[PDB]
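Have a look at the structure below, then the notes.
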Amino acid sequence: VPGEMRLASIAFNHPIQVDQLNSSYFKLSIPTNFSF
Amino acid sequence: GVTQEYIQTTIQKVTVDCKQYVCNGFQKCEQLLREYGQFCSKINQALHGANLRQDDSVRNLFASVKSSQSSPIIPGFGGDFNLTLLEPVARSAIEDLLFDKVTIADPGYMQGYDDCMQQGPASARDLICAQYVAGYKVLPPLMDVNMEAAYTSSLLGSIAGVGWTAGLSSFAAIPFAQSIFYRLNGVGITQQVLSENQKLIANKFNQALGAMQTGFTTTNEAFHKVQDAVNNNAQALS
Amino acid sequence: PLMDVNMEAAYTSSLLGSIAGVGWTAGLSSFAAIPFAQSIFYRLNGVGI
Amino acid sequence: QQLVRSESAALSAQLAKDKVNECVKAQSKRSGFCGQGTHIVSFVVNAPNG
Amino acid sequence: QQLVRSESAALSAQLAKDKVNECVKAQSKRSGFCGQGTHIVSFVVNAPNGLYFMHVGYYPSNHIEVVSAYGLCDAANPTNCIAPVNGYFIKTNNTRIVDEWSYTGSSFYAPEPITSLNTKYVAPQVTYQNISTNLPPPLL
Amino acid sequence: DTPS
Amino acid sequence: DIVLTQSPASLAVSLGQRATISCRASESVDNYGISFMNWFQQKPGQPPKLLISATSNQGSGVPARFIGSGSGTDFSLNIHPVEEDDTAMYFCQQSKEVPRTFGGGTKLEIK
Amino acid sequence: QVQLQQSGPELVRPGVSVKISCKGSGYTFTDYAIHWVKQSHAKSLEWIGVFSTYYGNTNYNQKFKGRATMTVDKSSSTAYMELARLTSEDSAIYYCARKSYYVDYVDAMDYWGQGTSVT
């Protein structure tokens, strides 16, 4: 049978980071796959 | 210029010991309340379900708050715009002024038993210590204030911006000022004028921003409502 | 209950049959009568694909 | 009393949720919503219970 | 108790009919509403005491970062300025396409040659790229 | 604890 | 396009000896740090072969011994183990702008 | 398995247009642009031009815009270049090549034709 329960931190799912560029051009995040 | 609003999203979660509220362990109520035990169970279940409902709304809200992606946020963000909203890396100075302007009783949970007990000032008058007389229990907020701060910064990272069609997949990742110009062209102001007046725009914006430090007054109806939401919880407990 | 479940089912089938027109500058006045998958491709161009 | 308040809060939270996904996440042309000065970017911060 | 429930049910019914005329009747761009993946066609079925809805949507994945430009202005003649329609101008990473810049849809990564169908004439700006040679949409 |  | 030059016009080395080639440019080639610098190899009786790319000192058809280096107008190639089958002409190339010109090149030789 | 098959060398007299071919093999031909380079000496080479094999789009070295042109027979998986108005100064070893991206946003010639020459 099962043992003791496990204490846990609640996870924070962090967003994908995108660098904030300066000048006349910029990084653009775009998906390469998808699902319904 | 600016406007502001406050929308309450939750009720504080509480439960009540249904024996101690009526009788504090006396032997007559140990028999006399047995025939009334089913009323207590109905009371506890209803309150318990209400507490579950409050936590469901929290989880549902945060599911829409989160973004698939965001910019990292650094000092000097916003360019010439001041952006004093930025956290003191934290919550924010604006949020902290709100919490300090509110007249709410000193926070619960720790030290618990020892903040009711003589290990503290004689001047405490918190209803929270009175919860250990009456058998009242206040449940902790679900979200965790640190995670809350992370969610609001995540929202700030999606700024710049809303333009460039639907925006529901791709993330533009551009400077704040540039997104402002797209919003200004979205209302029919020609860009030629906007390019001429760029410093003016930043200055007038910052004046409107600066007015938020006078916004912590009772003539701000939203501010007043925050205090009244706090008052209503205190009134119910008292 | 106020309404016959069969009549209710007829209303839900009419909702399935209300697809196409899906728009086309309102579509309140018209019924395009095109394949379901064809209307989907119109929707997919509507989201930037 | 608490059950009534809980329901009103849930509805109030739903309105805020809609504004976060509209008034904050995008510029809107609807008017009415948001501040009364056309609509340009809006922001949201934490508040007690809201 | 029944009076209270009846009122809440009436309001709940109002919410449903509004979704029937938005989430079900047509595609919507407002977000929030409907499924959390943009919006594509949705359906509704009969349920006890109510309606049961389902929604379908696009769930993007495997995001990559690419170089992109705010617009292009044909620097050999600065009055010609263009910007993409419902999409972006990105630096070309595809071997099939000789063009220095490529056009993509905003919902998915998919480069394409630059043509007049994917762009519109715009006012000039200093951040638009300075192309001094070949720019086909229109070539002149 | 983990599933059966 | 940006002019590329290279020196010494030829270098002869002992087997297994380290060697380098300078490749100055008339104008900086960096565009958002992309650089666009490729080096090619050629021997008599054969087509040029790709060696390296500005961020690829392994791959692009070669062993890790071919080290491209530098930024701006300052480019070079460093090969620590030059060997008999490295006796070839070497050419810096610019992918940044049309015509997509490339340098006249230099030749390594084994003494 | 990628290969390029250039047409054989010829001592063509001046004023004659010159067609050169370079069939591709071992890869899908239409997904990669074709490039040509001119070698007048082992130390003197210049790019000639590029042609897409799917969209037919092209660019040329500025000196050759009034000269050589390119076409593609997609059904034969082959690329062609034809020089206009040959002169003795145009004798060269000519090389076809295929576009690649070993590094993102960096063009590279990857595979090369065995070389052909005209004089």
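Observations
- Selected residue (only one of B:179, B:158 is hydroxyl-bearing (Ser, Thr, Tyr), surrounded by 13 or more Cβ atoms within 10 Å (Cβ to Cβ), within 11 Å of chain A (Cβ to nearest Cβ) and on the phi < 0 side of the Ramachandran plot): B:158
- Scanning segment G:33-76 for residues that are β-branched (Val, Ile, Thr) and either more than 10 Å from every other protein chain (Cβ to nearest Cβ) or over 11 Å from the mean Cα position of the chain (by Cα) (or both) yields G:34, G:55, G:62, G:67, G:73.
- 2 or more residues at negative phi and of a type in the set (A, V, I, L, M): qualifying strands (runs of 3 or more DSSP E) within segment H:31-119: H:34-41, H:44-51, H:69-73, H:78-83, H:92-98, H:106-108
- Residue tally, condition of a type in the set (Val, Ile, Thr) and over 13 Å from the mean Cα position of the chain (by Cα), over segment C:32-49: 2
- Criterion: more than 14 Å from chain E (Cβ to nearest Cβ) and either closer than 30 Å to residue B:201 by Cβ or of a type in the set (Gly, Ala, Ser) (or both) - qualifying residue of D:13, D:47, D:26: D:47
- Matching residues, segment E:34-51, being in contact with a helix residue (DSSP H, G or I) (Cβ under 6 Å, 6 or more places away or on another chain) and of a type outside the set (A, V, I, L, M): E:34, E:42, E:46
- From the options D:47, D:9, residue that is closer than 23 Å to residue B:56 by Cβ, under 14 Å from the mean Cα position of the chain (by Cα) and not in a helix (DSSP H, G or I): D:47
- Counting only strands (runs of 3 or more DSSP E) wholly contained in segment G:49-111, the ones carrying 2 or more residues that are among the charged types (D, E, K, R) occupy G:106-110.
- Every residue from segment E:100-135 that is under 22 Å from residue B:178 (Cα atoms), away from chain C (no Cβ under 14 Å) and not hydrophobic (A, V, I, L, M, F, W, C): E:119, E:120, E:121, E:124, E:125, E:127, E:128, E:129, E:130
- Every pair of residues 6+ apart whose Cβ atoms lie under 7 Å, when the first sits in segment H:32-50 and is within 17 Å of residue H:62 (Cα to Cα) while the second is polar (S, T, N, Q) and in a strand (DSSP E or B): H:45/H:39; H:49/H:58; H:49/H:59; H:50/H:58; H:50/H:59
- Candidates B:143, B:117, B:110, filtered to the one that is within 14 Å of chain A (Cβ to nearest Cβ), more than 24 Å from residue A:20 (Cα to Cα) and of a type in the set (A, V, I, L, M, F, W, C): B:143
- Among residues of segment E:61-77 that are under 14 Å from residue E:110 (Cα atoms) and facing chain A (nearest Cβ under 7 Å), those with a beta-carbon under 6 Å from a residue that is in a strand (DSSP E or B) and of a type in the set (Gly, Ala, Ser) at least six positions away or on a different chain give the pairs E:63/A:29; E:65/A:29.
- Residues in segment B:133-174 that are more than 15 Å from the chain's Cα centre (by Cα) and of a type in the set (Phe, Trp, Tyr): B:136, B:164, B:171.
- Residue match in segment B:71-94 (condition: in a helix (DSSP H, G or I) and either surrounded by fewer than 16 Cβ atoms within 10 Å (Cβ to Cβ) or among the acidic types (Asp, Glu) (or both)): yes
Residues are listed down the side, and each one gets a yes or a no for (1) closer than 30 Å to residue G:32 by Cα; (2) within 13 Å of chain G (Cβ to nearest Cβ):
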residue	(1), (2)
H:22	no, yes
H:30	no, no
H:36	yes, yes
H:49	yes, yes
H:61	yes, yes
H:81	no, no
H:92	no, no
H:101	yes, yes
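- Residue within segment E:77-94 that is aliphatic (A, V, I, L, M), in contact with a helix residue (DSSP H, G or I) (Cβ under 8 Å, 6 or more places away or on another chain) and not in a loop (DSSP other than H, G, I, E, B) present: no
- Residues of segment B:44-72 classified as in contact with a strand residue (DSSP E or B) (Cβ under 9 Å, 6 or more places away or on another chain), over 15 Å from residue B:12 (Cβ atoms) and more than 7 Å from every other protein chain (Cβ to nearest Cβ), total: 1
- Residue among C:13, C:18, C:29 that alone is among the hydroxyl-bearing types (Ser, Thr, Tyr), exposed (fewer than 12 other Cβ atoms within 10 Å of the Cβ), under 15 Å from the mean Cα position of the chain (by Cα) and not in a helix (DSSP H, G or I): C:29
- Pairs with Cβ under 6 Å, 6+ apart, first in segment D:32-50 and closer than 11 Å to residue B:5 by Cβ, second of a type in the set (S, T, N, Q) and in a loop (DSSP other than H, G, I, E, B): D:34/D:42; D:35/B:3; D:50/B:8; D:50/B:9
- Boolean, residue B:104 is among the β-branched types (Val, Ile, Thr), outside any loop (DSSP other than H, G, I, E, B) and farther than 30 Å from residue E:64 by Cα: no
- Test: residue in segment H:15-28 that is hydrophobic (A, V, I, L, M, F, W, C) and touching a helix residue (DSSP H, G or I) at 6+ places or on another chain (Cβ under 7 Å): no
- Residues located in segment E:78-99, provided they are at the interface with another protein chain (Cβ under 10 Å from one of its Cβ atoms), more than 12 Å from residue E:129 (Cα to Cα) and either out of contact with any strand residue (DSSP E or B) (no Cβ under 9 Å at 6 or more places or on another chain) or not aromatic (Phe, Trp, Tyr) (or both): E:84, E:85, E:86, E:87, E:92, E:93, E:94, E:95, E:96, E:97, E:98, E:99
- Answer residue from segment B:46-63, given it is small (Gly, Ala, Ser) and surrounded by fewer than 16 Cβ atoms within 10 Å (Cβ to Cβ) and is farthest from residue D:17 (Cα to Cα) among those: B:46
- Scan of segment E:103-119 for residues that are surrounded by fewer than 21 Cβ atoms within 10 Å (Cβ to Cβ) and part of a strand (DSSP E or B), ordered by number: E:112, E:119
- Residue count for segment B:118-150 under the criterion of being assigned to a loop (DSSP other than H, G, I, E, B) and basic (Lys, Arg): the result is 1.
- Within segment G:73-111, tally of residues that are hydrophobic (A, V, I, L, M, F, W, C) and either surrounded by fewer than 15 Cβ atoms within 10 Å (Cβ to Cβ) or over 15 Å from residue H:39 (Cβ atoms) (or both): 8
Throughout, read-outs are computed from the coordinates displayed, never taken from laboratory work. Counting neighbours? That spans all protein chains shown, and the Cβs are built from the backbone with ideal geometry, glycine included.
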